[PDB]
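Participant: If it helps, the file is called protein.txt and holds compact mmCIF, C-alpha atoms and all ligand atoms:
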```txt
# COMPACT_ATOMS: atom_id res chain seq x y z
CA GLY J 40 -49.14 -8.19 27.78
CA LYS J 41 -46.89 -8.74 24.79
CA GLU J 42 -43.16 -9.12 25.25
CA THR J 43 -41.07 -7.08 22.85
CA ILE J 44 -38.44 -8.88 20.79
CA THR J 45 -35.94 -6.49 19.22
CA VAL J 46 -34.53 -7.66 15.89
CA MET J 47 -31.66 -6.15 13.88
CA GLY J 48 -31.06 -6.42 10.13
CA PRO J 49 -30.18 -4.39 7.08
CA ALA J 50 -32.31 -1.62 5.59
CA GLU J 51 -33.16 -3.71 2.54
CA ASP J 52 -34.78 -6.40 4.72
CA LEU J 53 -36.91 -3.74 6.44
CA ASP J 54 -37.92 -1.88 3.25
CA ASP J 55 -41.56 -2.40 2.23
CA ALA J 56 -40.56 -1.68 -1.35
CA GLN J 57 -38.47 -4.87 -1.21
CA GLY J 58 -41.10 -6.91 0.64
CA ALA J 59 -39.60 -6.14 4.07
CA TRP J 60 -38.39 -9.71 4.41
CA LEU J 61 -37.33 -9.46 8.03
CA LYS J 62 -40.66 -8.03 9.23
CA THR J 63 -42.55 -10.49 7.02
CA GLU J 64 -40.70 -13.45 8.49
CA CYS J 65 -40.97 -12.21 12.10
CA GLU J 66 -44.74 -11.91 11.62
CA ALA J 67 -44.88 -15.40 10.08
CA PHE J 68 -42.95 -16.70 13.09
CA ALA J 69 -45.45 -15.14 15.48
CA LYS J 70 -48.39 -16.60 13.52
CA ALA J 71 -46.82 -20.05 13.70
CA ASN J 72 -46.26 -19.77 17.46
CA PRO J 73 -49.53 -18.66 19.09
CA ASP J 74 -48.21 -19.77 22.49
CA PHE J 75 -45.86 -16.80 22.33
CA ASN J 76 -47.25 -13.39 23.18
CA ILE J 77 -44.77 -11.16 21.40
CA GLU J 78 -44.36 -8.09 19.29
CA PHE J 79 -41.37 -6.83 17.35
CA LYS J 80 -39.21 -3.75 17.22
CA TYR J 81 -36.61 -3.40 14.49
CA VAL J 82 -33.11 -1.91 14.45
CA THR J 83 -31.63 -1.16 11.03
CA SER J 84 -27.97 -2.10 10.61
CA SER J 85 -25.85 -3.70 7.90
CA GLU J 86 -24.53 -7.15 8.69
CA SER J 87 -21.07 -5.66 8.01
CA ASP J 88 -21.51 -3.35 11.02
CA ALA J 89 -23.10 -5.82 13.45
CA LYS J 90 -19.94 -6.54 15.44
CA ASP J 91 -19.41 -2.83 16.09
CA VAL J 92 -23.03 -2.24 17.09
CA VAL J 93 -23.36 -5.23 19.36
CA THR J 94 -19.94 -5.59 21.00
CA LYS J 95 -19.89 -1.98 22.09
CA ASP J 96 -22.60 -2.91 24.63
CA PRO J 97 -24.31 -6.24 24.21
CA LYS J 98 -26.91 -5.63 26.89
CA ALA J 99 -28.01 -2.51 24.98
CA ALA J 100 -28.24 -4.39 21.68
CA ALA J 101 -31.00 -6.22 19.81
CA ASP J 102 -32.16 -9.64 21.02
CA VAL J 103 -31.78 -11.25 17.61
CA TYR J 104 -29.47 -9.95 14.87
CA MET J 105 -28.12 -10.54 11.38
CA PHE J 106 -24.33 -10.54 11.06
CA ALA J 107 -21.36 -11.65 8.93
CA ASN J 108 -19.65 -14.72 10.23
CA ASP J 109 -16.10 -13.31 10.44
CA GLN J 110 -17.48 -11.36 13.40
CA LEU J 111 -18.01 -14.54 15.38
CA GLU J 112 -14.93 -14.60 17.60
CA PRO J 113 -15.25 -10.92 18.64
CA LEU J 114 -18.92 -11.52 19.40
CA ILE J 115 -18.04 -14.59 21.53
CA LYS J 116 -15.30 -12.77 23.43
CA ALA J 117 -17.80 -9.97 24.16
CA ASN J 118 -20.33 -12.52 25.49
CA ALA J 119 -22.62 -11.14 22.79
CA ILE J 120 -23.78 -14.33 21.05
CA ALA J 121 -25.45 -17.39 22.53
CA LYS J 122 -24.41 -20.98 21.87
CA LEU J 123 -27.17 -22.86 20.09
CA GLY J 124 -28.22 -26.42 20.74
CA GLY J 125 -31.14 -28.73 20.22
CA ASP J 126 -33.17 -28.74 17.04
CA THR J 127 -31.67 -25.40 16.04
CA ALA J 128 -28.08 -26.69 16.05
CA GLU J 129 -29.27 -29.86 14.33
CA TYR J 130 -30.87 -27.80 11.55
CA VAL J 131 -27.69 -25.83 11.02
CA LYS J 132 -25.76 -29.10 10.63
CA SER J 133 -28.33 -30.99 8.56
CA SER J 134 -29.43 -28.29 6.11
CA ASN J 135 -26.04 -26.79 5.21
CA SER J 136 -22.84 -28.02 3.64
CA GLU J 137 -19.97 -28.77 5.98
CA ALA J 138 -18.25 -25.52 5.05
CA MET J 139 -21.38 -23.45 5.68
CA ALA J 140 -22.00 -25.08 9.05
CA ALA J 141 -18.32 -24.40 9.85
CA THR J 142 -18.82 -20.67 9.33
CA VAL J 143 -20.78 -20.51 12.60
CA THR J 144 -18.88 -23.16 14.56
CA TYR J 145 -16.39 -22.18 17.27
CA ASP J 146 -14.60 -24.73 19.49
CA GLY J 147 -17.09 -27.36 18.36
CA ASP J 148 -20.25 -25.39 19.25
CA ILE J 149 -22.76 -23.78 16.88
CA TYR J 150 -23.41 -20.10 17.54
CA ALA J 151 -25.68 -18.89 14.74
CA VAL J 152 -28.11 -19.85 11.98
CA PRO J 153 -26.81 -19.21 8.42
CA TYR J 154 -29.28 -17.68 5.96
CA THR J 155 -27.06 -16.99 2.95
CA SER J 156 -23.51 -17.61 1.86
CA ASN J 157 -21.26 -14.56 1.98
CA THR J 158 -18.86 -13.85 -0.86
CA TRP J 159 -18.46 -11.55 -3.83
CA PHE J 160 -18.26 -11.78 -7.60
CA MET J 161 -18.29 -9.77 -10.85
CA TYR J 162 -21.12 -7.70 -12.25
CA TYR J 163 -20.43 -6.44 -15.79
CA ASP J 164 -21.97 -4.65 -18.75
CA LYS J 165 -22.68 -7.21 -21.49
CA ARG J 166 -22.58 -4.35 -24.01
CA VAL J 167 -18.86 -3.94 -23.26
CA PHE J 168 -17.46 -7.39 -22.40
CA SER J 169 -17.97 -10.89 -23.79
CA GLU J 170 -18.10 -14.02 -21.64
CA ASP J 171 -14.60 -14.82 -22.80
CA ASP J 172 -13.35 -11.31 -21.99
CA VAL J 173 -14.30 -11.52 -18.33
CA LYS J 174 -12.19 -14.60 -17.70
CA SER J 175 -9.15 -12.29 -17.47
CA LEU J 176 -8.83 -8.90 -15.76
CA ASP J 177 -6.04 -8.06 -18.20
CA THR J 178 -8.27 -8.81 -21.21
CA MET J 179 -11.01 -6.75 -19.63
CA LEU J 180 -8.81 -3.70 -19.28
CA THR J 181 -8.15 -3.73 -22.99
CA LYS J 182 -11.86 -3.54 -23.79
CA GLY J 183 -13.39 -1.29 -21.18
CA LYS J 184 -13.52 0.23 -17.74
CA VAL J 185 -12.81 -1.88 -14.67
CA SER J 186 -13.24 -1.01 -10.99
CA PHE J 187 -12.18 -2.63 -7.73
CA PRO J 188 -12.61 -1.57 -4.04
CA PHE J 189 -8.98 -1.81 -3.00
CA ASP J 190 -9.35 -0.07 0.38
CA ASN J 191 -11.79 -2.75 1.54
CA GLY J 192 -9.93 -5.68 3.08
CA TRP J 193 -12.75 -8.09 2.30
CA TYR J 194 -11.86 -7.56 -1.40
CA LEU J 195 -8.12 -6.74 -1.23
CA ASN J 196 -7.05 -10.20 -0.16
CA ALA J 197 -8.20 -11.79 -3.40
CA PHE J 198 -5.17 -10.30 -5.16
CA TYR J 199 -2.65 -11.44 -2.56
CA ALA J 200 -4.19 -14.93 -2.18
CA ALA J 201 -3.87 -15.26 -5.96
CA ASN J 202 -0.07 -15.36 -5.59
CA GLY J 203 0.24 -17.50 -2.50
CA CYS J 204 -0.03 -15.02 0.35
CA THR J 205 -1.81 -16.45 3.37
CA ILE J 206 -3.86 -15.59 6.42
CA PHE J 207 -3.40 -18.08 9.30
CA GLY J 208 -2.07 -20.73 6.97
CA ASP J 209 -5.14 -22.24 5.38
CA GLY J 210 -7.18 -19.88 7.48
CA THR J 211 -7.36 -21.98 10.60
CA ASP J 212 -3.85 -21.82 12.02
CA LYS J 213 -3.28 -18.80 14.20
CA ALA J 214 0.34 -19.79 14.83
CA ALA J 215 1.04 -19.33 11.11
CA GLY J 216 0.21 -15.62 11.37
CA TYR J 217 0.04 -13.47 8.24
CA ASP J 218 2.27 -14.10 5.23
CA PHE J 219 2.24 -11.28 2.71
CA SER J 220 6.04 -11.12 2.69
CA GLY J 221 8.65 -11.42 -0.02
CA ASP J 222 8.68 -11.40 -3.78
CA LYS J 223 5.32 -13.18 -3.92
CA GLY J 224 3.72 -10.23 -2.10
CA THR J 225 5.70 -7.55 -3.94
CA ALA J 226 4.67 -9.03 -7.29
CA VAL J 227 1.02 -8.52 -6.30
CA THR J 228 1.68 -4.98 -5.03
CA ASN J 229 3.41 -4.24 -8.35
CA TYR J 230 0.39 -5.61 -10.27
CA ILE J 231 -1.89 -3.29 -8.29
CA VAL J 232 0.43 -0.30 -8.88
CA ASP J 233 0.22 -1.08 -12.58
CA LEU J 234 -3.55 -1.36 -12.28
CA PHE J 235 -3.85 2.10 -10.75
CA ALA J 236 -1.60 3.42 -13.56
CA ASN J 237 -3.95 1.89 -16.16
CA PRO J 238 -6.27 4.57 -17.56
CA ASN J 239 -9.12 2.02 -17.89
CA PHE J 240 -8.99 1.29 -14.15
CA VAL J 241 -11.14 3.20 -11.67
CA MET J 242 -10.80 2.59 -7.95
CA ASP J 243 -14.15 1.73 -6.36
CA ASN J 244 -14.90 3.20 -2.95
CA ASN J 245 -15.08 1.16 0.23
CA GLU J 246 -18.74 0.17 0.09
CA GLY J 247 -19.21 0.27 -3.65
CA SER J 248 -21.49 3.25 -4.28
CA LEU J 249 -18.93 4.63 -6.73
CA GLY J 250 -18.92 1.47 -8.83
CA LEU J 251 -22.73 1.38 -8.93
CA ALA J 252 -22.85 5.00 -10.08
CA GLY J 253 -20.19 4.24 -12.68
CA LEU J 254 -22.15 1.33 -14.20
CA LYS J 255 -25.05 3.73 -14.73
CA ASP J 256 -22.68 6.35 -16.24
CA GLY J 257 -20.80 3.95 -18.44
CA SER J 258 -17.60 5.24 -16.71
CA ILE J 259 -17.28 1.82 -15.06
CA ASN J 260 -18.24 -1.38 -16.89
CA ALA J 261 -17.17 -4.02 -14.33
CA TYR J 262 -18.07 -3.98 -10.65
CA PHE J 263 -16.91 -6.38 -7.94
CA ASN J 264 -19.60 -6.60 -5.35
CA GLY J 265 -22.36 -8.88 -4.09
CA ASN J 266 -25.85 -10.28 -3.91
CA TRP J 267 -27.24 -7.44 -1.79
CA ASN J 268 -26.87 -5.00 -4.74
CA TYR J 269 -28.35 -7.26 -7.46
CA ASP J 270 -31.49 -5.17 -7.93
CA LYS J 271 -29.53 -1.89 -7.96
CA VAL J 272 -27.15 -3.28 -10.58
CA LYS J 273 -30.17 -4.23 -12.69
CA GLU J 274 -31.41 -0.65 -12.25
CA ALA J 275 -28.04 0.80 -13.26
CA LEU J 276 -27.36 -1.27 -16.38
CA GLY J 277 -30.79 -2.39 -17.48
CA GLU J 278 -31.51 -6.03 -16.86
CA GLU J 279 -30.78 -7.25 -20.42
CA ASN J 280 -27.27 -5.82 -20.05
CA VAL J 281 -26.37 -7.40 -16.72
CA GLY J 282 -23.62 -9.98 -16.80
CA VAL J 283 -22.69 -11.91 -13.67
CA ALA J 284 -19.46 -13.89 -13.45
CA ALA J 285 -17.09 -15.56 -11.07
CA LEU J 286 -13.63 -14.06 -10.59
CA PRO J 287 -11.07 -13.61 -13.39
CA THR J 288 -7.39 -14.34 -13.46
CA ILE J 289 -4.66 -11.77 -13.26
CA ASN J 290 -1.40 -12.13 -15.09
CA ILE J 291 1.57 -11.82 -12.74
CA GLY J 292 4.95 -12.19 -14.45
CA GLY J 293 3.51 -14.26 -17.28
CA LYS J 294 1.48 -16.53 -15.01
CA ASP J 295 -2.31 -16.50 -14.83
CA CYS J 296 -3.23 -16.32 -11.16
CA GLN J 297 -6.74 -16.89 -9.81
CA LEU J 298 -8.33 -14.14 -7.71
CA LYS J 299 -9.91 -15.69 -4.61
CA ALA J 300 -12.68 -14.05 -2.62
CA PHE J 301 -13.41 -14.90 0.99
CA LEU J 302 -16.33 -17.30 1.41
CA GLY J 303 -18.23 -17.16 4.68
CA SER J 304 -21.89 -16.78 5.62
CA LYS J 305 -24.33 -14.27 6.95
CA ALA J 306 -26.22 -15.67 9.90
CA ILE J 307 -28.73 -14.94 12.67
CA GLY J 308 -27.38 -14.67 16.19
CA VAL J 309 -29.06 -14.60 19.58
CA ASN J 310 -28.06 -12.10 22.24
CA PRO J 311 -27.40 -13.81 25.61
CA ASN J 312 -29.00 -10.78 27.25
CA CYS J 313 -32.38 -11.44 25.64
CA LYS J 314 -34.90 -12.03 28.43
CA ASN J 315 -36.71 -14.74 26.46
CA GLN J 316 -34.13 -17.16 25.13
CA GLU J 317 -36.78 -19.68 24.11
CA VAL J 318 -38.42 -17.19 21.77
CA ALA J 319 -35.13 -15.74 20.51
CA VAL J 320 -33.60 -19.09 19.60
CA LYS J 321 -36.78 -20.26 17.87
CA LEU J 322 -36.94 -16.98 15.96
CA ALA J 323 -33.34 -17.37 14.80
CA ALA J 324 -34.15 -20.89 13.64
CA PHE J 325 -37.20 -19.53 11.78
CA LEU J 326 -35.37 -16.68 10.07
CA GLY J 327 -32.91 -19.24 8.68
CA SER J 328 -35.55 -21.86 7.83
CA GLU J 329 -36.13 -23.20 4.34
CA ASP J 330 -39.37 -21.20 3.91
CA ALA J 331 -37.65 -18.04 5.11
CA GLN J 332 -34.68 -18.50 2.77
CA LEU J 333 -37.02 -19.11 -0.16
CA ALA J 334 -38.89 -15.90 0.72
CA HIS J 335 -35.55 -14.02 0.83
CA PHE J 336 -34.92 -15.26 -2.70
CA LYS J 337 -38.37 -14.39 -4.05
CA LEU J 338 -38.69 -11.01 -2.31
CA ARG J 339 -35.23 -9.63 -3.05
CA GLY J 340 -33.21 -12.22 -4.92
CA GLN J 341 -30.93 -13.28 -2.09
CA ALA J 342 -29.40 -16.69 -2.74
CA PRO J 343 -30.25 -19.44 -0.23
CA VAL J 344 -27.62 -21.38 1.68
CA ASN J 345 -30.02 -24.26 2.54
CA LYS J 346 -28.85 -27.17 0.39
CA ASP J 347 -32.45 -28.40 -0.20
CA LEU J 348 -33.15 -25.16 -2.12
CA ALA J 349 -30.21 -25.73 -4.46
CA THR J 350 -32.48 -27.86 -6.64
CA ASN J 351 -35.22 -25.23 -6.79
CA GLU J 352 -35.37 -24.52 -10.49
CA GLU J 353 -35.61 -20.74 -10.12
CA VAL J 354 -32.61 -20.71 -7.76
CA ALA J 355 -30.52 -22.96 -9.96
CA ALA J 356 -31.28 -20.69 -12.94
CA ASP J 357 -30.46 -17.45 -11.11
CA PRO J 358 -27.34 -15.72 -12.43
CA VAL J 359 -26.18 -14.48 -9.01
CA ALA J 360 -26.84 -17.79 -7.22
CA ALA J 361 -24.89 -19.51 -10.01
CA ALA J 362 -21.95 -17.08 -9.83
CA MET J 363 -21.78 -17.43 -6.04
CA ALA J 364 -21.68 -21.18 -6.38
CA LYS J 365 -18.88 -20.91 -8.95
CA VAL J 366 -16.93 -18.56 -6.68
CA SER J 367 -17.42 -21.17 -3.91
CA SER J 368 -16.02 -24.05 -5.95
CA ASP J 369 -13.43 -22.28 -8.13
CA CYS J 370 -12.51 -18.81 -6.79
CA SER J 371 -12.52 -18.65 -3.00
CA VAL J 372 -10.83 -19.30 0.28
CA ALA J 373 -12.78 -20.00 3.44
CA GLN J 374 -13.30 -16.90 5.57
CA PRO J 375 -11.16 -17.23 8.71
CA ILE J 376 -13.04 -17.06 11.97
CA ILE J 377 -9.80 -16.43 13.85
CA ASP J 378 -10.24 -12.68 14.47
CA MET J 379 -8.88 -10.62 11.57
CA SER J 380 -9.28 -7.17 13.20
CA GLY J 381 -5.66 -6.11 12.52
CA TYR J 382 -6.02 -6.99 8.87
CA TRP J 383 -9.36 -5.23 8.36
CA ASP J 384 -7.82 -2.12 9.94
CA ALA J 385 -4.51 -2.13 8.06
CA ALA J 386 -6.07 -3.00 4.71
CA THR J 387 -7.87 0.29 4.26
CA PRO J 388 -4.95 2.74 4.49
CA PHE J 389 -2.85 0.29 2.47
CA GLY J 390 -5.37 0.20 -0.36
CA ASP J 391 -5.84 3.95 -0.24
CA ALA J 392 -2.11 4.50 -0.63
CA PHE J 393 -2.12 3.19 -4.21
CA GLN J 394 -3.96 6.32 -5.36
CA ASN J 395 -2.19 8.86 -7.53
CA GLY J 396 -1.04 11.67 -5.27
CA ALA J 397 -1.63 9.81 -2.02
CA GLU J 398 0.49 10.49 1.02
CA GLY J 399 3.15 7.75 0.95
CA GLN J 400 1.89 6.55 -2.42
CA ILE J 401 2.76 2.96 -3.23
CA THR J 402 4.85 2.91 -6.39
CA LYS J 403 7.09 0.53 -8.30
CA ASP J 404 10.09 2.07 -6.58
CA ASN J 405 8.79 1.36 -3.06
CA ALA J 406 6.49 -1.65 -3.65
CA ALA J 407 8.73 -4.08 -1.75
CA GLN J 408 9.11 -1.71 1.20
CA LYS J 409 5.38 -1.05 1.37
CA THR J 410 4.61 -4.76 1.07
CA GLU J 411 6.88 -5.65 3.99
CA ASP J 412 5.50 -2.70 5.99
CA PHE J 413 2.02 -4.17 5.50
CA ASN J 414 3.07 -7.72 6.40
CA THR J 415 4.82 -6.36 9.49
CA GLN J 416 1.77 -4.36 10.62
CA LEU J 417 -0.46 -7.43 10.19
CA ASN J 418 1.75 -9.63 12.31
CA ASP J 419 2.38 -6.92 14.89
CA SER J 420 -1.40 -6.79 15.44
CA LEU J 421 -1.22 -10.36 16.74
CA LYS J 422 1.31 -9.62 19.50
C1 LIG U 1 -14.52 -4.90 6.15
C2 LIG U 1 -15.72 -5.74 6.50
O1 LIG U 1 -15.67 -6.83 5.53
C3 LIG U 1 -16.81 -7.75 5.68
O2 LIG U 1 -17.99 -7.03 5.40
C4 LIG U 1 -18.64 -7.36 4.15
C5 LIG U 1 -19.85 -8.22 4.38
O3 LIG U 1 -19.47 -9.49 4.95
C6 LIG U 1 -20.62 -8.44 3.12
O4 LIG U 1 -21.81 -9.22 3.37
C7 LIG U 1 -21.01 -7.15 2.48
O5 LIG U 1 -21.86 -6.48 3.36
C8 LIG U 1 -23.07 -6.00 2.78
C9 LIG U 1 -24.25 -6.68 3.40
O6 LIG U 1 -24.16 -8.11 3.11
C10 LIG U 1 -25.53 -6.18 2.83
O7 LIG U 1 -26.69 -6.88 3.36
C11 LIG U 1 -25.68 -4.68 2.99
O8 LIG U 1 -25.84 -4.35 4.32
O9 LIG U 1 -24.48 -4.02 2.45
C12 LIG U 1 -23.20 -4.50 2.97
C13 LIG U 1 -22.17 -3.75 2.18
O10 LIG U 1 -22.31 -2.35 2.46
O11 LIG U 1 -19.80 -6.36 2.22
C14 LIG U 1 -19.03 -6.08 3.43
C15 LIG U 1 -17.78 -5.33 3.01
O12 LIG U 1 -18.13 -4.07 2.40
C16 LIG U 1 -16.85 -8.28 7.08
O13 LIG U 1 -18.01 -9.13 7.21
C17 LIG U 1 -16.91 -7.17 8.07
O14 LIG U 1 -16.95 -7.68 9.42
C18 LIG U 1 -15.70 -6.30 7.91
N1 LIG U 1 -15.70 -5.25 8.93
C19 LIG U 1 -14.41 -5.09 9.66
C20 LIG U 1 -13.71 -3.97 9.16
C21 LIG U 1 -13.63 -2.56 10.09
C22 LIG U 1 -12.91 -1.37 9.54
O15 LIG U 1 -11.80 -1.87 8.85
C23 LIG U 1 -14.25 -2.57 11.39
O16 LIG U 1 -14.90 -1.32 11.64
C24 LIG U 1 -15.27 -3.83 11.56
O17 LIG U 1 -15.68 -3.80 13.02
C25 LIG U 1 -14.76 -4.99 11.26
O18 LIG U 1 -15.75 -6.08 11.53
```
If you convert what's in this file into structure tokens, what do you get?
Ligand SMILES: C[C@H]1O[C@H](O[C@H]2[C@H](O)[C@@H](O)[C@@H](O[C@H]3[C@H](O)[C@@H](O)[C@@H](O)O[C@@H]3CO)O[C@@H]2CO)[C@H](O)[C@@H](O)[C@@H]1N[C@H]1C=C(CO)[C@@H](O)[C@H](O)[C@H]1O
Facilitator:
Amino acid sequence: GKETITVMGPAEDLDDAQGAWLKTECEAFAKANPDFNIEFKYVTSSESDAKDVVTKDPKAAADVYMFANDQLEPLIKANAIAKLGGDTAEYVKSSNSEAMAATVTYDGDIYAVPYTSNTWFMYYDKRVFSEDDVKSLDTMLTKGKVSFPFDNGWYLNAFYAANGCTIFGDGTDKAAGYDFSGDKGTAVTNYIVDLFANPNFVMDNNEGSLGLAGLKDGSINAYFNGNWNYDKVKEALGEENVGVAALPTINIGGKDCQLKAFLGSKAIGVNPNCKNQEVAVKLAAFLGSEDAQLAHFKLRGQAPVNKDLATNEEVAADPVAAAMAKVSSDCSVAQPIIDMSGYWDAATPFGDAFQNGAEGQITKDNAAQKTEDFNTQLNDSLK
């Protein structure tokens, strides 16, 4: 009489054509734990959507699930994610950097097992740009076609952070609120208005299918996205043409400013409603184990977060793992775990309003107004 454990992860981890990592590792877990009498059912969902799927009704949701760490506070407030202790918590602390362990730590307790770092970087066509070119977005625009997903808040902030705008201070001070106000914010809005008015700029869509299609077309030669699309980018450009870089500078009023991505993690969480917590917690530990992370790298090129795999020669040589590490050290801010719901929501219509012909289009003439409107909406969402 097998007990069913329901596990949720993205399509790519359930796709046989990509080695179905999640199924493969669940089966390995079962083989390693003969004392458990279990079978698996799988629910396909992007880590980006996990909060929405689970918090709607945690008791109806999967027992074990893969999510993005910025979702942690909403999951906790929904009683949708179990605190982890014991060997599992110890592994999260011992096998990760301090910042990666912090991605899943709330009020001093560990709530999930990281399996990869979570950030974004630049894919580009080596036929169009040199290594030197891609150090500057402005240089890039003179040589070829550049895209950016401006209606996706996870990407938008990099431009505002570049000029000293802040979210919760350093990211950990709720009392600091949002600060996108003033000339520092308007200067960034003006830069983005100019970008949209640049005929070598093409807005990417929210989840980046437009950019991917553009790379294949040649209509887009630079794509800001992540590790999950590595194989598709290789398909679009041809692997000898794929360049991978950390983030460029943008020139605001004569000053080179560094774009800064969010850096968080993707992790495995346990549903408190799972009827076998022993199995669920051990499975989460297994899915984030060293062996499992190495398999994620070999089966579909996903970069490990486990610091012991950093010295694996194949990992260290991987262009995406290397870019992600450079974004971590040089081009990022730590992903807040203070809930950013109001920002994720406001970011999308704000980004969309830059488009030529948009309702309430952001322009040079109204940039300051629109910037304050945005700052005001962000802070209102905290009241
Ligand atoms: C807006 C959204 O931003 C963040 O989501 C990003 C993920 O963290 C990234 O990992 C990446 O997701 C990819 C998966 O890693 C990958 O395995 C595959 O499934 O494709 C995903 C991309 O399609 O990119 C995501 C951004 O595109 C953040 O983690 C996430 O929580 C944010 N979602 C909020 C935003 C809205 C609408 O504004 C709400 O509906 C959500 O409930 C919020 O959580």
Participant: Would you compute the distance between atom CA of residue J:145 and atom CA of residue J:377? Give it in Å to one decimal.
Facilitator: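 Between atom CA of residue J:145 and atom CA of residue J:377 the gap is 9.4 Å.
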Participant: Please identify all polymer residues within 10 Å of residue J:337, counting all atoms listed in the file, omitting same-chain residues fewer than 2 positions from it, and present them as a PyMOL selection string.
Facilitator: chain J and resi 57-58+60+331-335+339-342+353-354
Participant: Please identify all protein, DNA and RNA residues within 6 Å of ligand LIG 1 (chain U), counting all atoms listed in the file, and report them as a list in words.
Facilitator: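 Those residues are residues 49, 85, 86, 87, 90, 91, 107, 109, 110, 157, 191, 192, 193, 246, 267, 383 and 384 of chain J.
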Participant: Could you jot down the atom CA of residue J:376 to atom CA of residue J:347 separation for me, Å, one decimal place?
Facilitator: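 Computing it gives 25.6 Å between the two atoms.
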Participant: Have a look at J:363, J:131, J:392, J:323 and name the one nearest to residue J:405; count only C-alpha atoms.
Facilitator: J:392
Participant: So that I can check the surroundings of stretch 234-242 of chain J, please list as a count of residues only every protein, DNA and RNA residue that reaches within 8 Å of it, counting all atoms listed in the file and ignoring chain neighbours fewer than 5 positions away.
Facilitator: 13
Participant: I'd like the interatomic distance between atom CA of residue J:277 and atom CA of residue J:355, to a tenth of an Å.
Facilitator: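 Separating atom CA of residue J:277 from atom CA of residue J:355 is a distance of 21.9 Å.
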Participant: Which residue is closest to residue J:149? Choose from J:309, J:319, J:101, J:417 and count all atoms listed in the file.
Facilitator: J:309
Participant: Please determine, counting all atoms listed in the file, which residue among J:414, J:152, J:61, J:54 has the shortest atom-to-atom distance to residue J:321.
Facilitator: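 So, comparing all the options, the nearest one is J:152.
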Participant: From the set J:274, J:151, J:228, J:176, which residue has the shortest atom-to-atom contact distance to residue J:121, counting only C-alpha atoms?
Facilitator: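 Closest to residue J:121 of all the choices is J:151.
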Participant: Measuring atom to atom with all atoms listed in the file, identify which of J:89, J:338, J:385, J:71 is nearest to residue J:48.
Facilitator: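 Distance minimum relative to residue J:48 lands on J:89.
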Participant: J:81, J:301, J:413, J:150: which is nearest residue J:367, counting all atoms listed in the file?
Facilitator: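 Ranked by minimum distance to residue J:367, first place goes to J:301.
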Participant: Determine, counting all atoms listed in the file, which protein, DNA and RNA residues have an atom within 12 Å of an atom of residue J:221; residues of the same chain fewer than 2 positions away are not included. Present the result as an NGL selection string.
Facilitator: :J and (199 or 202-204 or 218-219 or 223-228 or 406-415)
Participant: Using all atoms listed in the file, collect all residues at a distance of at most 7 Å from (-41.8, -5.3, 15.9) as written in the file, then present them as number ranges by chain.
Facilitator: J: 44-45, 78-81
Participant: I'd like the neighbourhood of residue J:264 as a PyMOL selection string, where a residue qualifies if any of its atoms comes within 8 Å (using only C-alpha atoms), though same-chain residues fewer than 4 positions away should be ignored.
Facilitator: chain J and resi 159-162+247+268
Participant: Find the spatial neighbours of stretch 289-295 of chain J, counting all atoms listed in the file, within a cut-off of 10 Å - ignore same-chain residues fewer than 2 positions away - and output them as a ChimeraX atom specification.
Facilitator: /J:174-178,198,201-202,223,226-227,229-230,286-287,297-298
Participant: Once you count only C-alpha atoms, which residues end up no further than 8 Å from (-19.3, -21.3, 8.0) in the file's frame, shown as a VMD selection string?
Facilitator: chain J and resid 108 137 to 144 153 303 to 304 374
Participant: N, CA and C atoms for stretch 276-284 of chain J, written as an mmCIF file, in the coordinates of the input, could you do that?
Facilitator:
```cif
data_model
loop_
_atom_site.group_PDB
_atom_site.id
_atom_site.type_symbol
_atom_site.label_atom_id
_atom_site.label_comp_id
_atom_site.auth_asym_id
_atom_site.auth_seq_id
_atom_site.Cartn_x
_atom_site.Cartn_y
_atom_site.Cartn_z
ATOM 1 N N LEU J 276 -27.760 -0.820 -15.062
ATOM 2 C CA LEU J 276 -27.360 -1.270 -16.380
ATOM 3 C C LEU J 276 -28.523 -1.556 -17.320
ATOM 4 N N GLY J 277 -29.691 -1.797 -16.740
ATOM 5 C CA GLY J 277 -30.790 -2.390 -17.480
ATOM 6 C C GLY J 277 -30.600 -3.887 -17.477
ATOM 7 N N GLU J 278 -31.665 -4.620 -17.173
ATOM 8 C CA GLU J 278 -31.510 -6.030 -16.860
ATOM 9 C C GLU J 278 -30.989 -6.861 -18.042
ATOM 10 N N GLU J 279 -31.273 -6.473 -19.284
ATOM 11 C CA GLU J 279 -30.780 -7.250 -20.420
ATOM 12 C C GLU J 279 -29.270 -7.081 -20.620
ATOM 13 N N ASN J 280 -28.687 -6.122 -19.913
ATOM 14 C CA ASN J 280 -27.270 -5.820 -20.050
ATOM 15 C C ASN J 280 -26.429 -6.383 -18.911
ATOM 16 N N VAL J 281 -27.093 -6.929 -17.904
ATOM 17 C CA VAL J 281 -26.370 -7.400 -16.720
ATOM 18 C C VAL J 281 -25.704 -8.744 -16.956
ATOM 19 N N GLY J 282 -24.374 -8.757 -16.823
ATOM 20 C CA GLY J 282 -23.620 -9.980 -16.800
ATOM 21 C C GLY J 282 -23.151 -10.251 -15.377
ATOM 22 N N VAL J 283 -23.139 -11.514 -14.997
ATOM 23 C CA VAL J 283 -22.690 -11.910 -13.670
ATOM 24 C C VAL J 283 -21.701 -13.051 -13.837
ATOM 25 N N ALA J 284 -20.502 -12.881 -13.293
ATOM 26 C CA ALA J 284 -19.460 -13.890 -13.450
ATOM 27 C C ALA J 284 -18.708 -14.166 -12.172
#
```
